[PDB]
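Asker: this one's sequence-less:
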RNA sequence: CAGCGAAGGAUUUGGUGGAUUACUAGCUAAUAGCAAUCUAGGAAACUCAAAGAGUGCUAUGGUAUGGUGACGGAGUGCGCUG
Ligand SMILES: [Zn+2]
């Protein structure tokens, strides 16, 4: 706040207005600057989900390795976390503490898969396009960036028709049909 | 209306009050003789004494400035602050300023009137308070450096 | 601030003696002059400035 | 007529210079090899030599019963001027009251003494710096690390207590 | 003696208004009549912002009167220099904000949002989201101790060190949500008012309240403390204003049966008492005194001189006022209400002679910087907060009052 | 050019007013009073802030005026210096 003098650095050292202990290195701020999250509290409503799956994976580790309730529920949880694409494979239950990340559950969001399959070219312009209302997953339009997708719907992320940026890329490649109205 | 609009209105009301040193410097460096770096370091006594000299010169040219030496250029007016008295005292001294300006509108080709109305610019802030009468009085001189 | 500003050692003077200083005398009229003598019989007069 | 993708402004730890880890907002220098040197010869040093001593060299001298100036003289067969830097002297004084004999043998009028101007009493740093600055010095030492430093910098002869007399290595005119 | 001879050197004089007739009562003097009777600088300080669309505006002034911090109930928080026309933060945090305060400057302010308390810098960038301070409704800064104090719908009182960044204290009120909250400026203990009709005086050392007073029936709507730390006015929801001695814990006055429950109280630096009952603001002069002739009345039954009628009153006819706050060193009362802010020219209501090395209304940028570092350096520890401030030089109240000479040992 | 073509035509923009839900009037302490009154990336700058470095300025109480009639001045005596 004043870049304190030396008898100043020594007399009080733990003073830091910018970064406290309970900031955890501002990882919420850092990852929402990374994946461009609109409002606050999305980080912590993902972190509650991460804590809940590691807690119930802990108590599924607690139960003895022979009963079908335990084994059916851990394979069901692993298949559902594969089916929403949080994972990339159906591997070990140790990946339910090494590989589940608030980062990866942000990786399944709609603007970042848009930047991933090059529909946009940056995540900021992806949020621009989907607040302007151009894209859809299957039939229905998507307005909010908080809609994360599942493993089936990374194939039907497409724009709507009459979206004029779709029309500009069609007339770029001059494959612009207009019987189909776009 | 918006908050920034209402605050621009309160800034335009409080335009002349110096509320810290930086506003006082930006507001007192507005001279009609000197540049800003000299004008910010000058006092009220200095600019008053050479404006009183120039009013004696202007009064021996034209003898209707002596009553302005009685009221607007007296030594009680060194300590008279403009924005501390009420609306009735304000309208009294603003028709005093209007009287001086439409008397000295004719004299604007000779430097005693510049050094004399320097004190109205810097004490009574007539470039920002009594500004319509100042423009209307010196409108003739528009090809000249004083305008 | 006193416990961090406590830097009391000014400096040793000269190169010392050869055999340990067993006698010292200031002169009570000049501020910076000091006579010191060691075990090997050498005495020295010092400007402490 | 608002803007799109509106965010709450927070601080940027990567960018904001108000915090401490972001307070970090050409002319080369290749020092020429010395004109005192041939390839690795050091053609310029000539007797009377001057030899920088350090603390383990003094300790090994007293442990092997070699005189300093007479051991230097019958090692090099030349007139030697031995030099105790103030940091070597500080190190001998810091060695305690076990090493009183070594300290008051270093206190000798025949052993001249330099005046180092730095903080701390690291004699190996001081000897290495003042020898690679100037190349007019013999280094008398028995530290293995200091011996490796000195014999890696070129043109600097190295003297050491070996056996019952001093030996000299990188001085190519000893006989 | 020499310290008391400084009252010659005091530059200014306090303001007043005096009736000069027996037909001329003082509570029936209109704000337009004040604005005509006083100078142009004070008439321009009597501002009025009409901010209609976001909610009732909680008002807050900096401890020198230079900056104003308003919060709409909906989302609109604006920190501004109310006496120039300079705003330096206008941020629309679209969740329901409740209260805000400055910390040690206009350079940082803390806002109490939907749940979490946030801390913003001078231009409005978010510095901190406090994961503790779960549901604040009342924030107040302790400037000599650098402590942000927080209470609200949880029954918890939290002291948070702003300089280090460290939550100093969490205290169970154990009395439900905190209905009112005020700070003693004298000794920095916190008077919280609960739904019992109980005020409790708290310090961040003791996990129990230092004192519990039974102020009102019902809940306690508002608390204000004098800056001398001697008197406390509490309004309950039982239509009862009560003036309390703080040091000896006597109850000085009990104005019962107000016409409608007093939603706010405030005490100026010169001891005025501003009560607000919805549309109405009513100020009494010399009401914080011991004698029964200083009990604040509403009329003088037949012209009794021994009845403290209102010093002045105003009616905000459209709305219901949200909070009250006197402007520190000026003669104004800023009341924040449903459609924004209104300053009232209250002539008796401010310390005319501030000290310019405690806190300066004309302070510059360099003076702000150096005063920030110096007060940060002499920050008082949170353990030194006691009910009396003069009890940290003394000896224990154990450890016998005669020192012992080892013969008697 | 043709064509269209009534004391002119086109484009752009600032402000205000009315609608954007289905019209029972303002205030207050409200079965009434009042309403005259409740009271007895880039560009620009006399833009706004946040900080850093350097430079300038007698920047001068080593213990603050010659003096709370308790004081001052004059003179004398003691003291002091060469
Ligand atoms: Zn050295």
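Answerer: Looks like it came in fine. Numbers count the residues shown, from 1 in each chain, chains lettered A, B, ... in the order given.
Asker: for the rest of this, base every contact and every neighbour count on C-alpha atoms.
Answerer: Fine.
Asker: all the helices of the chain, in order from the start?
Answerer: This is for chain A. A:6-11, A:27-35, A:42-62, A:68-83, A:95-98, A:102-107, A:110-116, A:123-131, A:164-172 (DSSP state H).
Asker: ah, no, chain E please
Answerer: E:31-37, E:40-45, E:365-377.
Asker: nearest to residue E:334 among those helices would be which one?
Answerer: Among the helices of chain E, helix E:40-45 comes nearest to residue E:334, with 10.4 Å by Cα to Cα.
Asker: what's the closest one packed up against?
Answerer: Helix E:40-45 is packed against helix E:31-37, strand E:340-345, with contacts defined by 3 or more Cα pairs under 8 Å, 6 or more residues apart in numbering or on different chains; DSSP states H and E.
Asker: need the residues that contact that helix.
Answerer: B:10, B:13-14, B:17, B:83-87, E:35-36, E:83, E:343, E:345 (Cα atoms under 8 Å, 6 or more residues apart in numbering or on different chains).
Asker: try it again at 7 Å.
Answerer: B:13, B:14, B:83, B:84, B:85, B:86, B:87, E:35, E:83 (Cα atoms under 7 Å, 6 or more residues apart in numbering or on different chains).
Asker: again, but for stretch D:8-24
Answerer: Outside stretch D:8-24, the residues that reach it (Cα under 7 Å, 6+ apart) are A:18, E:125, E:126, E:127.
Asker: number of nearby residues for residue 13?
Answerer: No chain was given, so I picked chain A. Using other Cα atoms under 10 Å in any protein chain shown, residue A:13 has 10 other residues around it.
Asker: right idea, wrong chain: chain C
Answerer: Residue C:13 has 10 nearby residues by other Cα under 10 Å.
Asker: if we can go back for a sec, and of the helices of chain A, who's closest to chain B?
Answerer: helix A:123-131 (26.5 Å; Cα to the nearest Cα).
Asker: excluding chain neighbours, what is closest to residue A:46?
Answerer: Closest residue to residue A:46 apart from its sequence neighbours, by Cα to Cα, 6 or more residues apart in numbering or on different chains: residue A:102 at 6.0 Å.
Asker: what separation is there between the one you found and chain C?
Answerer: 46 Å (Cα to the nearest Cα, to the nearest Å).
Asker: that residue contacts residue A:47, correct?
Answerer: Yes. Between residue A:102 and residue A:47 a contact is recorded at 6.1 Å, counting by Cα atoms under 7 Å.
Asker: coming back round to it: any chance of a markdown table for the helices of chain E, columns distance to RNA strand F and mean neighbour count?
Answerer: Putting the helices of chain E into a markdown table (distance: least, Cα to the nearest atom of the strand, whole Å; neighbours: other Cα atoms under 10 Å in any protein chain shown) gives the following:
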| stretch | distance to RNA strand F | mean neighbour count |
| --- | --- | --- |
| helix E:31-37 | 11 | 14 |
| helix E:40-45 | 18 | 19 |
| helix E:365-377 | 5 | 14 |
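Asker: for the ion, which of the ones you listed is the nearest?
Answerer: Across those, the ion has its closest neighbour in helix E:365-377 (39.7 Å, Cα to the ion).
Asker: that closest one near chain B anywhere?
Answerer: No. Judged by Cα under 7 Å from any Cα of the partner chain, helix E:365-377 stays clear of chain B, getting no closer than 9.2 Å.
Asker: ok, now how distant is whatever residue of chain A ends up closest to RNA strand F from the ion?
Answerer: Using Cα to the nearest atom of the strand, the single residue of chain A nearest to RNA strand F is residue A:2, 4.5 Å away. Note on residue A:2: its distance to the ion, by Cα to the ion, to the nearest Å, is 37 Å.
Asker: same check on residue E:393?
Answerer: Where the ion is concerned, residue E:393 sits at a distance of 51 Å (Cα to the ion).
Asker: roughly how far does that residue sit from chain B?
Answerer: For residue E:393, the distance to chain B (Cα to the nearest Cα) stands at 40 Å.
Asker: hang on, the earlier thing: to chain B, which of the helices and strands packed on helix E:40-45 lies closest?
Answerer: helix E:31-37 (7.3 Å).
Asker: show me what that closest one is packed up against.
Answerer: Of the remaining helices and strands, none touches helix E:31-37 by 3 or more Cα pairs under 7 Å, 6 or more residues apart in numbering or on different chains; DSSP states H and E.
Asker: now the residue in chain B that chain D sits nearest to: how far from chain E?
Answerer: Residue of chain B nearest chain D, by Cα to the nearest Cα: residue B:2 (15.4 Å). Distance, residue B:2 to chain E, by Cα to the nearest Cα: 7 Å.
Asker: quick check on the residue lying closest to that residue once chain neighbours are set aside: phi, psi?
Answerer: Nearest in space to residue B:2, with sequence neighbours left out and distances taken as Cα to Cα, 6+ apart, is residue E:51 at 7.4 Å. Note on residue E:51: backbone dihedrals following degrees, to the nearest 10 are phi -110, psi 100.
Asker: number of nearby residues for residue E:51?
Answerer: 20.
Asker: I figured it was touching residue E:337, is that so?
Answerer: No. Using Cα under 7 Å as the test, residue E:51 is too far from residue E:337 to be in contact (9.8 Å).
Asker: now residue D:56, what's its secondary structure?
Answerer: Secondary structure, DSSP: H, G, I helix; E, B strand; the rest coil: residue D:56 is helix.
Asker: and what of the one 4 residues further on?
Answerer: Taking three-state DSSP as the rule, one finds residue D:60 in the helix state.
Asker: OK, contacts around it?
Answerer: Contacts of residue D:60 (Cα under 7 Å, 6+ apart): residue D:161.
Asker: doesn't residue C:22 fall inside a helix?
Answerer: No. Residue C:22 is assigned strand when assessed by three-state DSSP, not a helix.
Asker: would you list the helices of chain A in TSV and tack on distance to the ion?
Answerer: Formatted as TSV, these follow (distance: least, Cα to the ion, whole Å):
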stretch	distance to the ion
helix A:6-11	27
helix A:27-35	48
helix A:42-62	58
helix A:68-83	67
helix A:95-98	54
helix A:102-107	55
helix A:110-116	61
helix A:123-131	60
helix A:164-172	74
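Asker: how about these in TSV, adding distance to residue E:357 and mean neighbour count?
Answerer: Below are the helices of chain A laid out as TSV (distance: least, Cα to Cα, whole Å; neighbours: other Cα atoms under 10 Å in any protein chain shown):
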stretch	distance to residue E:357	mean neighbour count
helix A:6-11	22	12
helix A:27-35	39	15
helix A:42-62	44	15
helix A:68-83	63	15
helix A:95-98	57	15
helix A:102-107	50	19
helix A:110-116	54	22
helix A:123-131	49	20
helix A:164-172	63	14
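Asker: ok, which of these comes nearest residue B:24?
Answerer: helix A:6-11 (33.8 Å).
Asker: how far does the closest one sit from its chain's centre?
Answerer: 44 Å (Cα atoms, centre = their mean, to the nearest Å).
Asker: same question for stretch E:393-405.
Answerer: 38 Å.
Asker: can you give me the end-to-end span of that stretch?
Answerer: End-to-end distance of stretch E:393-405 (Cα to Cα, to the nearest Å): 22 Å.
Asker: what sits against the nearest residue to residue C:21 once chain neighbours are set aside?
Answerer: Spatially, and ignoring its direct neighbours in sequence, residue C:21 is nearest to residue C:38 (4.2 Å; Cα to Cα, 6+ apart). Going by Cα under 7 Å, 6+ apart, residue C:38 touches C:17, C:19, C:20, C:21, C:22, C:23.
Asker: what do you get for residue D:155?
Answerer: Neighbour list for residue D:155: D:37, D:40, D:41, D:42, D:135 [criterion: Cα under 7 Å, 6+ apart].
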